[PDB]
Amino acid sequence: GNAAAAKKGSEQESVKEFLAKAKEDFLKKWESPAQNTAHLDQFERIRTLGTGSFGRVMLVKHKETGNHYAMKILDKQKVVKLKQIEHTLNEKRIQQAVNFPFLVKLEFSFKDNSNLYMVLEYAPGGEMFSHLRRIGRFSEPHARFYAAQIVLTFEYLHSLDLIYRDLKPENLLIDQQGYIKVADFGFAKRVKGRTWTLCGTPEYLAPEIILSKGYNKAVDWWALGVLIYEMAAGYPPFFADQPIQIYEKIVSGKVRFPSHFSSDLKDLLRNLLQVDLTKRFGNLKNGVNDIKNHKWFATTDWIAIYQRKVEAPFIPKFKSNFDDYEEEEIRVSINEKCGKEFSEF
């Protein structure tokens, strides 16, 4: 409904009051960031869970509590070479400040001569990516369950003047209850108005990013369109062997839907994958309510989702089943590297 999306007041005022308090909490931490809250030697390193451009992400156990975490290791020199200093500072400053059920917690952070360390809340279900590729595609109700959590997460992040800028199944973890946690704040940025950095993942980039136009939080809503499509189809709406071929498809104005997509799903996706910013859902007068009140979400009880009261369509089997990596011991240089650049981390 379009009339419902352009409505107040009671339920909308409840959302407002929640978001107001959330902003107050966020600003305190934003202005006074947690820093140097642990040390490497407090963590037993178990196995590699994955790799990023800056280093391994390791399953670790906190020795004095026995709690398990995922520790993202970032080689400072590599961050500098890739010109990602400010993005890494953004990543840690933002992640330590936010609090929402569907965001991975930054539990501890610290640095040594060689590396930055981000000790993250561990999700036992691994990445959505792994499950989506194995299963092939998710049913519409399954996709909808995940999509709903992303909608609320972006409503939360955007209210704090944050843009996320790297939505993809690779960055979404599944917890013990089958719910989502958004991981990787590497491109997250707090900005009022427009920004210009060419960043993200090719399949998920909005046209305005590719076209070097200046952009805002509407890029996240475009990315949601891509995600929902990929979850429901099993493949993204724009794919090719090379990124340049992907970009040509994104900017073309054309999208084809699988024949099994419901009419409601297609309508929503046409409104999210809208090249015209004055027409893209999430970026209109009604903001996120255009999405929340769309037919495809008619069965979605937003409060129940937030409260984790909805039965998950899928709980990953837990036990052996982990991806194997060749392991190497961490060498910490005897000389401090890039101290000035990362002083605020």
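All residue numbers refer to positions in the sequence shown, first residue = 1.
Peer 1: How many residues sit between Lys319 and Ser320 in the deposited sequence but have no coordinates: none, 1 to 3, 4 to 9, or 10 or more?
Peer 2: Per the deposited record, the segment joining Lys319 and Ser320 lacks coordinates for 4 to 9 residues.
Peer 1: Which has the higher mean CA temperature factor in the PDB entry, 245 to 253 or 115 to 123?
Peer 2: Comparing averages over the C-alpha atoms only gives 245 to 253.
Peer 1: With respect to the recorded C-alpha B factors, which stretch has the higher mean value, 188 to 196 or 254 to 262?
Peer 2: Looking at the record's C-alpha B-factors, the answer is 254 to 262.
Peer 1: Highest CA temperature factor in the entry: which of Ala304, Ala34, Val60, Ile291?
Peer 2: Highest C-alpha B-factor among the listed options: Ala304.
Peer 1: Sorting by Cα B-factor within the chain, modelled residues only, which third would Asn90 end up in: lowest, middle or highest?
Peer 2: According to the entry, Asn90 has a C-alpha B-factor in the chain's lowest third.
Peer 1: Compare the C-alpha B factor of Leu269 with those of the other modelled residues in its chain, then answer lowest, middle or highest third.
Peer 2: Its C-alpha B-factor, which the entry lists for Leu269, ranks in the middle third among residues of this chain.
Peer 1: Name the third of the chain's ranked CA B-factors that contains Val275, choosing lowest, middle or highest.
Peer 2: For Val275, the deposited C-alpha B-factor lands in the highest third.
Peer 1: Looking at the temperature factor on the CA atom of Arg133, which third of the chain's modelled residues does it land in?
Peer 2: For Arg133, the deposited C-alpha B-factor lands in the lowest third.
Peer 1: Against its chain's modelled residues, does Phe314's Cα B factor rank lowest, middle or highest third?
Peer 2: Highest third of the chain for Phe314's C-alpha B-factor.
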